[PDB]
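Shown next as structure tokens: one chain only, the form deposited in one PDB entry.
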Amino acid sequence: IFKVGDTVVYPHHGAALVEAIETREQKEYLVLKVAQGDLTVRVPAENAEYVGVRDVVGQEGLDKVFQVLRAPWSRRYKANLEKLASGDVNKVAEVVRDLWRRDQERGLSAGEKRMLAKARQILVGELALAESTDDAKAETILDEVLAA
């Protein structure tokens, strides 16, 4: 959920640039650059919430998410499986978009309805934080983005 180039607030340090995501017995590490004091902070991704570091989708990201939601088979299943895995809100968006459009027509498989329902869960959770709202008006925004 942390993307290179994103800016996150690091308590006691200020604005931190996500500069890289390393692999360092071996787990996933955030490499953060605070220009203030030219400080480099490496922290295990799983621990980011404990230290008070969150990657919240900015206005750049909200656009992209809405742009991708509006944009115009074992293969397709595994691709979408992979997108939900990556925790990338843009990927989740693609999954929501493609599955929802299919659900309007041919209908989904039970397995796919589950995949879609989960992707929405993830997506509105992310939208809710991005528009600083709390999981009731986020989905409403999603539907209207979807219906239109």
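One-based numbering along the sequence shown. Each form is matched to the other, and the largest set of C-alpha atoms that superpose within 1.5 Å is called the rigid core.
Keep in mind that the form deposited in another entry is missing from the display, and what follows is about it.
No residue in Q36, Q121, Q104, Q67 other than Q36 shows a CA shift of 2 angstroms or more between the shown form and the other one after fitting the rigid core.
Relative to the superposed rigid core, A93 undergoes a CA displacement smaller than 2 Å between the shown form and the other one. In the core-superposed comparison between the shown form and the other one, the C-alpha atom of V51 has shifted by at least 2 angstroms. One change in the other form concerns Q59 and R54, whose Cα atoms lie at least 3 Å closer than in this form. Contraction of the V57-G14 CA spacing by 3 Å or more is recorded in the other form, set against this form.
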